[PDB]
Amino acid sequence: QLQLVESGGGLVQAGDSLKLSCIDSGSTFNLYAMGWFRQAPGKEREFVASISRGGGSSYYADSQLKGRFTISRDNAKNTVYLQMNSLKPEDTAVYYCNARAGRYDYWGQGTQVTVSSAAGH
Amino acid sequence: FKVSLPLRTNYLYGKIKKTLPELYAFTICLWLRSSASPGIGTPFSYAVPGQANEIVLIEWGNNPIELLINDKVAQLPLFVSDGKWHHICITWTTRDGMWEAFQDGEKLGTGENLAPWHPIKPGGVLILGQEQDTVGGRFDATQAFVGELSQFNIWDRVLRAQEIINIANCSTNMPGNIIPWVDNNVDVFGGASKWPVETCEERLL
Ligand SMILES: [Ca+2]
Ligand SMILES: [Ca+2]
Ligand SMILES: [Cl-]
Ligand SMILES: [Cl-]
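So the sequences go chain by chain: B and C. Mapping the first sequence onto the entry's author numbering, position 90 (from 1) lands on 90, and the numbers just tick up by one. Take any residue in the second sequence, note its place counting from 1, add 3, and you have its number in the entry's author numbering.
Next up, the structure:
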């Protein structure tokens with residue numbers, strides 16, 4: 001009942017900002033708590049943040065991520081967002097969007113984020 | 004012998020006398036010892052017309068050490084900024100842009116999709132101790148390597164694990180078939196010097 005597509009990723013420089021978006025094609029988005037996870041080279045997929053159905057509550061993996069990342073949603077646009085500031089090279093990863101409601105879990109295919117200190121310099 | 008780069012500058016460096024052919028695969032090995040602690044900087048770089056970041060190994064300031072090929076990046080699992088001598092080998096292949104990182108004879112990781120299908124452009128300049136922003140120049144002191152370098156060699160294939168062990172162990176001394184570490188292939192400039200190097204065992208003490 002859900003087809004999530006992430007976008008907004010790409011090649012960026014250290015210290016820069018980036019805003020991911022994740023869109024459902026359907027029209028029951030507000031049934032779902034939404035989440036962002038990320039998976040870096042040869043590492044486990046890790047939690048970043050989640051947001052309640054109405055967007056009143058949100059949760060971060062830890063205060064380092066909370067310090068620089070903001071999860072939000074716009075139920076009218078069937079979209080969840082991830083604002084990422086002061087990006088580090090260590091933020092490099094495929095970012096995945098994740099929807100949950102009751103016993104149903106849905107995932108997108110992910111969007112690549114590459115943060116490099118040296119590329120371009 | 005070793006090359007000595009004693010101070011963070013934009014004017015002292017080594018220069019490999021030979022250029023590179025067009026490479027569909029390579030192995031680059033070297034011994035290094037870095038004094039500098041916010042990052043080892045740039046032990047070597049390869050620049051061509053069109054692309055000054057054609058091959059670069061750089062740990063810039065407090066950032067993860069990166070390999071650039073054609074200005075495309077991978078973070079490597081090298082941990083060599085401890086002020087001790089270490090041996091490293093990097094292998095790479097055009098095919099699927101697959102790389103491997105070896106430290107002291109041990110394979111610490113691999114990755115894919117680094118400049119896949121890009122052959123390395125021939126004819127460029129290999130600089131020791133500096134990062135290039137033009138062919139052979141436009142160095143940046145904040146990116147410079149400070150310390151010592153030895154036994155920098157380049158082959159045009161992916162060496163096998165066992166060959167790397169023997170090189171790391173210095174139980175082999177076979178020179179790079181493309182870039183050999185010999186006196187007349189390594190020019191120094193601006194204060195950089197060359198000196199007899201301790202044996203492999205003396206180093207790791
Ligand atoms: Ca530079
Ligand atoms: Ca450069
Ligand atoms: Cl110059
Ligand atoms: Cl050979």
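Note that CB positions come from ideal geometry on N, CA and C, so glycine has one too.
Identify whether residue i lies in helix, strand or coil by the three-state DSSP scheme.
i	result
residue 103(B)	coil
residue 46(C)	strand
residue 56(B)	coil
residue 203(C)	helix
residue 91(B)	helix
residue 36(C)	strand
residue 63(B)	helix
residue 100(C)	helix
residue 85(B)	coil
residue 22(C)	coil
residue 145(C)	helix
residue 169(C)	helix
residue 77(B)	helix
residue 116(C)	coil
residue 45(B)	coil
residue 208(C)	coil
residue 164(C)	helix
residue 85(C)	coil
residue 11(C)	coil
residue 131(C)	strand
residue 190(C)	strand
residue 98(B)	strand
residue 79(C)	coil
Between the Cα of residue i and those of the options, spot the shortest distance and give me the residue it belongs to.
i	options	result
residue 81(B)	13(B), 9(B) and 41(B)	9(B)
residue 59(C)	132(C), 177(C) and 158(C)	132(C)
residue 101(B)	25(B), 29(B), 24(B) and 16(B)	29(B)
residue 21(B)	56(B), 12(B) and 34(B)	34(B)
residue 150(C)	86(C), 135(C) and 92(C)	86(C)
residue 93(C)	137(C), 163(C) and 173(C)	163(C)
residue 31(C)	98(C), 199(C), 196(C) and 106(C)	106(C)
residue 152(C)	80(C), 52(C), 124(C) and 185(C)	185(C)
residue 19(B)	121(B), 116(B) and 79(B)	79(B)
residue 3(B)	116(B), 86(B) and 98(B)	98(B)
residue 113(C)	120(C), 99(C), 123(C) and 122(C)	99(C)
residue 54(C)	170(C), 124(C) and 175(C)	124(C)
residue 81(C)	19(C), 33(C) and 166(C)	33(C)
residue 95(C)	26(C), 38(C), 142(C) and 36(C)	26(C)
residue 46(B)	57(B), 56(B), 53(B) and 65(B)	65(B)
residue 116(C)	134(C), 196(C) and 101(C)	101(C)
residue 155(C)	141(C), 40(C), 47(C) and 52(C)	47(C)
residue 48(B)	17(B), 15(B), 121(B) and 70(B)	70(B)
residue 160(C)	171(C), 108(C), 103(C) and 173(C)	103(C)
residue 114(B)	84(B), 104(B) and 53(B)	84(B)
Assuming residue i contacts residue j under a Cβ cut-off of 8 Å, what Cβ separation, rounded to an integer in Å, is found between them?
i	j	result
residue 83(C)	residue 119(B)	With a Cβ gap of about 21 Å, residue 83(C) and residue 119(B) do not count as contacting.
residue 193(C)	residue 50(C)	Incorrect: roughly 17 Å between the Cβ atoms, too far for contact.
residue 6(B)	residue 111(B)	4 Å
residue 38(B)	residue 96(B)	7 Å
residue 198(C)	residue 4(C)	6 Å
residue 97(C)	residue 122(C)	6 Å
residue 12(C)	residue 64(C)	Actually they do not touch by this definition, with Cβ atoms about 16 Å apart.
residue 13(B)	residue 116(B)	7 Å
residue 182(C)	residue 19(C)	6 Å
residue 22(C)	residue 134(C)	Contact flag wrong, Cβ pair sits at about 18 Å.
residue 189(C)	residue 17(C)	6 Å
residue 37(C)	residue 142(C)	Not really, about 17 Å apart at Cβ, beyond 8 Å.
residue 69(C)	residue 127(C)	Residue 69(C) to residue 127(C), Cβ: 19 Å. No contact.
residue 73(C)	residue 118(C)	4 Å
residue 59(B)	residue 50(B)	5 Å
>> Along the segment 96-120 of chain B, where does the CB come closer than 8 Å to a CB of chain C? Name the residues.
In response: 114, 116, 117, 118, 119 and 120
>> So if I threshold CB-CB distances at 9 Å, which residues from the segment 77-95 of chain B count as touching chain C?
In response: 88, 89, 90 and 92
> Which residues are close to ligand 1, meaning CB closer than 6 Å to any heavy atom, in chain order?
Replying inline: 121(B), 134(C), 136(C), 143(C) and 146(C)
> Given a limit of 8 Å on CB to CB distance, which residues of the segment 29-48 of chain B reach chain C?
Replying inline: 41 and 42
> Just by C-beta distance, which residues in the segment 75-101 of chain C are closer than 9 Å to chain B?
Replying inline: 75, 76, 77, 78 and 80
>> Under 9 Å, CB to CB, which of the residues in the segment 3-27 of chain B have a partner in chain C?
In response: 11 and 14
> Quick one, which residues of the segment 110-123 of chain C are near chain B if we go by CB-CB under 7 Å, in chain order?
Replying inline: 112 and 114
> Hey, which residues come within less than 6 Å of ligand 4, measuring from Cβ to any heavy atom, in chain order?
Replying inline: 158(C) and 180(C)
> Which residues, taken in chain order from the segment 168-196 of chain C, show a beta carbon closer than 9 Å to some beta carbon of chain B?
Replying inline: none
> Name the residues in the segment 12-35 of chain C whose C-beta lies less than 9 Å from a C-beta of chain B; which are they?
Replying inline: none
>> If you measure from each CB to the nearest heavy atom of ligand 3 and keep those under 6 Å, what residues do you get, in chain order?
In response: 139(C) and 140(C)
> For the segment 127-160 of chain C, which residues have a CB atom closer than 9 Å to at least one CB atom of chain B, in sequence order?
Replying inline: 134, 136, 143 and 146
> Taking any Cβ of chain B, which residues in the segment 53-69 of chain C have a Cβ under 8 Å from it, in chain order?
Replying inline: 56, 59, 61, 63, 64, 66, 67 and 69
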